[PDB]
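Student: Dropping a structure here in structure tokens format, bear with me for questions.
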Amino acid sequence: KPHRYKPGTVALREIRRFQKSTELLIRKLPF
DNA sequence: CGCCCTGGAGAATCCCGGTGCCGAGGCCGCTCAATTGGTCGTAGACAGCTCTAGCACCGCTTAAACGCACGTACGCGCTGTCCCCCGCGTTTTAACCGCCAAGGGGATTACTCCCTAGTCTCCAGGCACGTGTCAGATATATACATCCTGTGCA
């Protein structure tokens with residue numbers, strides 16, 4: 001049985017992950 | 001026959017060491033605008049005096065506010081639908097280094113004249129102010145103009 005999260009679960013942990021990071025989210029060369 | 005509650009499972013997180021790494025701060029060399037004093041002349045606070053619109057008020061004169069009665073219709077709650085983007089696995093590209101080394105032009109620092117304007121000065125004139133005059137809005141004679149009344153008639 002594969003292990004899959006229900007839709008909407010990863011969004012919360014992504015909010016927790018990125019809201020704790022001050023790094024820039026855009027690469028240097030494209031900008 | 002199919003749904004809350006429980007239990008097993010899995011993985012994401014927290015927290016505590018454990019060692020390599022680098023710039024915060026200290027230390028020095030140095031060096032330049034702050035500090036101290038003197039000079040000088042100048043606007044700001046103190047009256048001084050004045051004058052003028054804000055203040056508090058009183059009383060017509062309407063005019064919005066309000067209370068309510070009806071009402072109807074859209075905000076809302078509920079339900080069924082379906083479709084679209086998240087989660088995940090597989091494909092595809094962007095970027096780093098290795099090779100293999102050279103210059104290049106543009107802001108920086110230093111030097112160097114040179115001439116436009118601050119400062120002072122006097123001469124003039126021009127727009128804020130007072131007054132003339134017409135435009136528009138106002139209030140009133142007026143020549144009829146519509147009921148009312150004597151009034152004479154058939």
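Following the order of the structure tokens, first chain is A, next is B, and so on, with residues numbered from 1 inside each chain and ligands from 1 in the order they appear.
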Would you mind listing, for every residue of chain A within 10 Å of chain B, the two atoms forming the shortest contact and the distance between them in Å to one decimal, using only C-alpha atoms (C1' of nucleotides), sorted by chain and ascending residue number, as a Markdown table?

Tutor:
```
| residue | atom | partner | partner_atom | distance |
| --- | --- | --- | --- | --- |
| A:3 | CA | B:10 | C1' | 8.8 |
| A:4 | CA | B:87 | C1' | 7.2 |
| A:5 | CA | B:87 | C1' | 7.1 |
| A:6 | CA | B:87 | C1' | 7.9 |
| A:7 | CA | B:86 | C1' | 5.6 |
| A:8 | CA | B:86 | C1' | 7.1 |
| A:9 | CA | B:86 | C1' | 9.4 |
| A:10 | CA | B:87 | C1' | 8.4 |
| A:11 | CA | B:86 | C1' | 8.9 |
| A:13 | CA | B:12 | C1' | 9.8 |
| A:29 | CA | B:95 | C1' | 9.5 |
```

Student: Could those residues be written to a file, using N, CA and C atoms, as an mmCIF file, in the first residue's frame?

Tutor:
```cif
data_model
loop_
_atom_site.group_PDB
_atom_site.id
_atom_site.type_symbol
_atom_site.label_atom_id
_atom_site.label_comp_id
_atom_site.auth_asym_id
_atom_site.auth_seq_id
_atom_site.Cartn_x
_atom_site.Cartn_y
_atom_site.Cartn_z
ATOM 1 N N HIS A 3 2.064 5.124 0.317
ATOM 2 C CA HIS A 3 1.814 6.147 1.325
ATOM 3 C C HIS A 3 1.675 7.492 0.622
ATOM 4 N N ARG A 4 0.462 8.043 0.632
ATOM 5 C CA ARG A 4 0.166 9.310 -0.020
ATOM 6 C C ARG A 4 -0.624 10.202 0.925
ATOM 7 N N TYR A 5 -0.225 11.468 1.002
ATOM 8 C CA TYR A 5 -0.942 12.442 1.809
ATOM 9 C C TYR A 5 -2.194 12.922 1.086
ATOM 10 N N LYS A 6 -3.189 13.327 1.870
ATOM 11 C CA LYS A 6 -4.392 13.904 1.298
ATOM 12 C C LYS A 6 -4.090 15.298 0.748
ATOM 13 N N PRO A 7 -4.830 15.740 -0.269
ATOM 14 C CA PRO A 7 -4.558 17.061 -0.853
ATOM 15 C C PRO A 7 -4.765 18.176 0.163
ATOM 16 N N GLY A 8 -3.779 19.066 0.250
ATOM 17 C CA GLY A 8 -3.805 20.181 1.175
ATOM 18 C C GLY A 8 -2.892 20.032 2.371
ATOM 19 N N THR A 9 -2.305 18.853 2.583
ATOM 20 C CA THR A 9 -1.434 18.654 3.737
ATOM 21 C C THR A 9 -0.049 19.249 3.509
ATOM 22 N N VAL A 10 0.513 19.062 2.311
ATOM 23 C CA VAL A 10 1.856 19.554 2.032
ATOM 24 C C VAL A 10 1.898 21.076 1.965
ATOM 25 N N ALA A 11 0.773 21.725 1.657
ATOM 26 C CA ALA A 11 0.756 23.182 1.592
ATOM 27 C C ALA A 11 1.062 23.802 2.951
ATOM 28 N N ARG A 13 2.835 22.454 5.587
ATOM 29 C CA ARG A 13 4.244 22.287 5.931
ATOM 30 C C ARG A 13 5.146 23.100 5.012
ATOM 31 N N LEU A 29 20.568 34.224 -12.091
ATOM 32 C CA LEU A 29 20.744 34.422 -13.530
ATOM 33 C C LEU A 29 19.463 34.861 -14.230
#
```

Student: Tell me, which residues of chain A carry DSSP alpha helix (DSSP H), written as a list in words?

Tutor: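 Alpha helix (DSSP H) assignments inside chain A correspond to residues 9, 10, 11, 12, 13, 14, 15, 16, 17, 18 and 19 of chain A.
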
Student: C1' of residue 89 in chain B and CA of residue 14 in chain A, how far apart in Å?

Tutor: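 Between CA of residue 14 in chain A and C1' of residue 89 in chain B the gap works out to 19.9 Å.
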
Student: Quick one, how far is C1' of residue 93 in chain B from CA of residue 26 in chain A?

Tutor: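 Computed distance, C1' of residue 93 in chain B to CA of residue 26 in chain A, equals 17.3 Å.
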